[PDB]
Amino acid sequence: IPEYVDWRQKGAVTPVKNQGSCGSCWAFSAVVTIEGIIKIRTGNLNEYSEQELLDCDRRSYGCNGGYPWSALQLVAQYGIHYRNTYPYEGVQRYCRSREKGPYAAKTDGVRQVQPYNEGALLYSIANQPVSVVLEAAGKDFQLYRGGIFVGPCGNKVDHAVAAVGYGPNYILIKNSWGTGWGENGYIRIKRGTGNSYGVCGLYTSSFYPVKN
């Protein structure tokens, strides 16, 4: 795999979003990976619906948190609408998929990256954007405004984001806290520290969609 990957340069990443106060990070993370894999497979970059996952995933807890895995499983079982068709409201409502016409995209499955393994995560990122989790509760992560981040942070993961690239000493992460946080909404988290958890627990739980 190469030294640098950046799916933004391949036109596979949509603009940075703001989840607001709702604990919907799991849905934002899943949607980044869907937008990526649909571009890779079909050539078209579209925005897909975080709100639909928020409303419709009965394995997750709405604005009180959820699971990237079950969000990706839902898209593989049913499909997902365009963001425009089912836009983000920041509050859980009833599932409105059937009112809003046919789904716009569908995937075929979900796979996990081997956990606690930096090289396995880089390998998956070289193929597509990957849903990853990290510990975001610490003030250092909250206040991050640029540079290669090394913490302080622990491994008490609590926040789902999306890995859309990497370089020699970092992994490139799209966050859902608006463009005013980090590097235009992104963070470069240091890699290669020898900590099997990853910096801020970044290697704990990583998933990506499968689309034949």
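The first residue of the sequence shown is number 1, and the count goes up from there.
- In this entry, the higher average B-factor at the C-alpha atoms falls on 41-49, of the pair 28-36 and 41-49.
- Note on 86-94 vs 100-108: mean CA B-factor is higher in 100-108.
- You'll see in the entry that, of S131, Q77, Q142, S124, the Cα B factor peaks at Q77.
- When the modelled residues of the chain are ordered by their C-alpha B factor, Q9 lands in the highest third.
- In the PDB entry, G167 places in the lowest third of its chain by CA B-factor.
- Looking at the C-alpha B-factors along this chain, the one for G66 belongs to the middle third.
- In the deposited entry, the Cα temperature factor of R58 places it in the middle third of its chain's modelled residues.
- Ranked against the other modelled residues of its chain, the C-alpha B-factor of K17 as given in the entry falls in the highest third.
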